[PDB]
Asks: 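This is the structure I want to talk about, given as C-alpha cells.
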Amino acid sequence: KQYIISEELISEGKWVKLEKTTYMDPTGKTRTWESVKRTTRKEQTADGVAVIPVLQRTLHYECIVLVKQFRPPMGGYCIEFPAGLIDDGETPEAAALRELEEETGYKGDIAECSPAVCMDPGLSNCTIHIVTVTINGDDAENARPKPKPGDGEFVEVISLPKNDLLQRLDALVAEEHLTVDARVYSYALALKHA
Amino acid sequence: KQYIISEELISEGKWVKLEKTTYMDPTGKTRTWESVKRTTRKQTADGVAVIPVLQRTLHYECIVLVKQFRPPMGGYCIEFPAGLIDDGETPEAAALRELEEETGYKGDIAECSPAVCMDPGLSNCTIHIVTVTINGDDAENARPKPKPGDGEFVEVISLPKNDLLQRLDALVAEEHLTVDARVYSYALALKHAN
Ligand SMILES: O=C(c1ccco1)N1CCN(C(=O)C2CC2)CC1
Ligand SMILES: O=C(c1ccco1)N1CCN(C(=O)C2CC2)CC1
Ligand SMILES: [Cl-]
Ligand SMILES: [Mg+2]
Ligand SMILES: [Mg+2]
Ligand SMILES: [Mg+2]
Ligand SMILES: [Mg+2]
C-alpha cells in the first residue's frame, strides 16, 4: 500500500546526508519524513556488518568477543559487536572476517550470515549483515592475537562468557560511564530468556 | 582519554540534525565525525523498544512484533513495538503505552535495560529495551484493541519464541521485509543459547 514518492536532498556531508522523504500513506494521503542515509553505499547488500564472534576453547566456557571504542556521535565509550562498513566489492562474510581480525586480532570461521537488517528504521536507511563467526581459540593463530587497527581506530577487546553475558555487561556499566549497544543487549537478553 | 572538543551544527530539521563533531583521538590528534542527533530528546533515552512475550497456556510462547512502512527504509520493516518517550514519561510507562497503542496488548513489566545505543558510529540515539510479559489468557488481552495515533499504520505479527529466527527468515524470504537488527540479534541468541 505505502511507497516513496520523492526524496529531496536537504544537506549532504562527506559521510552522511539528510533527506526529505515524501511518501504515500495507506489512507491515500501524502506525508513527509526526515531520513538519514550514508553517502558510502554503492552496490553492497548493506552498509555494514556486525560480527557475533563466539570464542571456543577446550575446557573454557564459550565467550562472546566484544569491542569498546570511543564513539564521537555518542560522546563516550560504547561496547559493541566488532563491526565495519563493507568495502565496494567485498562480500558481507569477507568484511566480517576482515573487521573481526582488524579489531580483535582473531581469525574466525564463518558460521552464518543474516539478511540485511535495519539499524534504526524510523530514522535511517542504514543496514547491516549480522555475521556469526566461531573462533577456534585452541588454534595457534588465535593464541596471542594482535589487533591491526586502521588509521584513527582505537579498539579494546572484551571477551565475556556467553553463559553470564548480561550480568557481565551490567557489571561493566556499573563500574564506569559506558553505553552498551542495543544489539549486544538484545542478544544478552535472549541468552537469559532462553 | 578521548573526548569531544566541540560540535558544529551542519543542518537542523524538525526531527533530526547533523553536526560536525570535533574530538581528541588518544594520540592527542584532533579529528572530526559527522554525528546525527534527534531534536526531540530532553529523558533517559530517546525511545523505548518493547520485547513483548505473549504467554497463553497450552500454546507456544510468542514474541509480538510489528510490521510498518518505514520511510527512511523505502519499505516495510519488522520490529519490536517502540516509540519515543514523552516529556516526563518513565521508560516503563512509555513501554506499556506504546505496546498498547501499537498492539492493543496490555502487559506487565519484567525488566528494563539501561540506555543502549542504536547506531553509535552514526547517531547519539538511545533506547531502553523493556521486557514485558502479556498474560494472553486475561480478558483484557482477548480481542486486543490497538490505538494508532495520527499517521501510524501498524500490523501485528506474533511469532513463536522457540523458532523465532527461522520464522523471521521465512518472512524475509516470502514477503520482502527488512527485519530489525535488534529483533534479529535476539532471535539469534535464542538459537545460540546453551
Ligand atoms: O520526519 C519525521 C522524523 C522522525 C525521525 C526522523 O524523521 N517525523 C516523525 C513525526 N511524525 C510521525 O510520527 C509520522 C506521522 C506518523 C512526522 C514525521
Ligand atoms: O565522519 C565520519 C562518519 C561516518 C558516519 C558518520 O560520520 N567518519 C567516518 C570514518 N572516519 C574514520 O574512520 C576515522 C579514522 C577514524 C572519518 C570520519
Ligand atoms: Cl520473560
Ligand atoms: Mg568498527
Ligand atoms: Mg574496523
Ligand atoms: Mg512505534
Ligand atoms: Mg505508538
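Computed from heavy atoms alone, side chains included, the values below leave out hydrogens, waters and symmetry copies. First the proteins, then the strands, lettered A, B, ... as listed; each starts at 1.
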Asks: Over all heavy atoms of both residues, which pair between A:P115 and B:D169 is shortest? Give the atoms and the distance, please.
Replies: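 Between these two residues, the closest heavy atoms are CD-OD1, 4.0 Å.
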Asks: Looking at A:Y23, A:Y3, A:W33, which hits ring pair (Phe, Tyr, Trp, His ring centres under 6.0 Å) with B:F69?
Replies: A:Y23
Asks: Taking side chain as everything from C-beta outward and backbone as N, CA, C, O, which of these in B:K37 sits under 4.5 Å from a heavy atom of chain A? Side chain, backbone, both or neither.
Replies: side chain
Asks: How long is the gap from CD1 on B:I129 to CG on A:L189, to the nearest 0.5 Å?
Replies: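 One gets 6.0 Å once the value is rounded to the nearest 0.5 Å.
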Asks: Closer than 4.0 angstrom, basic N to acidic O: yes or no for A:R31 and B:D150?
Replies: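 Looking at A:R31 and B:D150, the cut-off is met.
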Asks: Flag the pair A:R183 / B:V116 as yes when at least one side-chain heavy-atom distance between them is below 4.5 Å, and no otherwise.
Replies: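 Answer no - side chains too far apart.
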Asks: Hydrophobic cluster membership, with links at side-chain heavy-atom distances under 4.5 Å among I/L/V/M/F/W/Y: are B:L65 and B:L177 in one?
Replies: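 Yes; tracing contacts between hydrophobic side chains, which count when under 4.5 Å, links both residues.
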Asks: Name the option with the most non-hydrogen atom pairs under 4.5 Å to chain A; the candidates are B:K29, B:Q2, B:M118.
Replies: B:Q2
Asks: With a 4.5 angstrom heavy-atom cut-off, could you sort out which part of B:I51 is near chain A: side chain, backbone, both or neither?
Replies: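 B:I51 touches chain A through side-chain heavy atoms alone.
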Asks: When hydrophobic residues are tied together by side-chain contacts of less than 4.5 Å, even through go-betweens, does A:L166 share a cluster with A:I158?
Replies: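 The answer is yes; both residues are in one hydrophobic cluster.
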Asks: At a heavy-atom distance under 4.5 Å, which candidate from B:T21, B:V172, B:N124 has the highest pair count against chain A?
Replies: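 Option with the top pair count is B:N124.
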Asks: Sort out for me which of B:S185, B:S35, B:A193 touches chain A most, counting heavy-atom pairs under 4.5 Å.
Replies: B:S185
Asks: Out of A:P26, A:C118, A:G13, A:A116, which one racks up the most heavy-atom pairs below 4.5 Å with chain B?
Replies: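 Most heavy-atom pairs under 4.5 Å with chain B: A:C118.
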Asks: Checking heavy atoms, do the side chain of B:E79, its backbone, both or neither come under 4.5 Å from chain A?
Replies: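 The side chain, not the backbone.
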Asks: If you take all heavy atoms of B:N194 and A:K162, which pair is closest and at what distance?
Replies: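 Closest heavy-atom pair between B:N194 and A:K162: O-NZ, 3.3 Å.
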Asks: Closest approach of A:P121 and B:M73, non-hydrogen atoms and distance?
Replies: CB-CG, 3.8 Å
Asks: If you take all heavy atoms of A:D120 and B:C125, which pair is closest and at what distance?
Replies: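 Reported closest heavy-atom pair: OD2-CB, 3.9 Å.
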Asks: Just how far is it from atom CG of A:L191 to atom NZ of B:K191, taken to the nearest 0.5 Å?
Replies: 13.0 Å
Asks: Which one, A:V36, A:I79, A:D25, A:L123, leads in non-hydrogen pairs under 4.5 Å with chain B?
Replies: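 That would be A:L123.
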Asks: Sort out for me which of B:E7, B:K1, B:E111 touches chain A most, counting heavy-atom pairs under 4.5 Å.
Replies: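 The option with the most such pairs is B:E111.
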Asks: Kindly give the heavy-atom pair with the smallest separation between A:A182 and B:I127, and that separation in Å.
Replies: CB-CD1, 4.4 Å
Asks: How close do B:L18 and A:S11 get, counting heavy atoms only, and between which atoms?
Replies: CD1-OG, 4.1 Å
Asks: Membership question, hydrophobic clusters at under 4.5 Å side-chain separation (ILVMFWY): are B:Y184 and B:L171 in the same one?
Replies: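 Result: yes, single cluster for both.
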Asks: For atom NZ of B:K20, is the number of surrounding heavy atoms from other residues, nucleotides or ligands below 6.0 Å larger than 12?
Replies: no
Asks: Shared ILVMFWY cluster between B:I109 and B:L99, side chains joined below 4.5 angstrom?
Replies: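 Same hydrophobic cluster.
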Asks: Hey, which of A:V184, A:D181, A:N163 has the most heavy atom pairs under 4.5 Å with chain B?
Replies: A:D181
Asks: Heavy atoms only, distances under 4.5 angstrom: which of A:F81, A:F154, A:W15 has the most pairs with chain B? Name it, please.
Replies: A:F154
Asks: Side chain, backbone, both or neither: which part of B:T32 has a heavy atom under 4.5 Å from chain A?
Replies: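 Answer is neither: B:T32 stays 4.5 Å or more from chain A.
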Asks: Hey, is the main chain of A:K14 close enough, under 3.5 Å, to the side chain of B:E34 for a donor-acceptor pair?
Replies: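 Indeed, once roles are kept as given, a pair shorter than 3.5 Å links the two residues.
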Asks: Any chain of hydrophobic side-chain contacts (each under 4.5 Å) joining B:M24 to A:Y77?
Replies: no
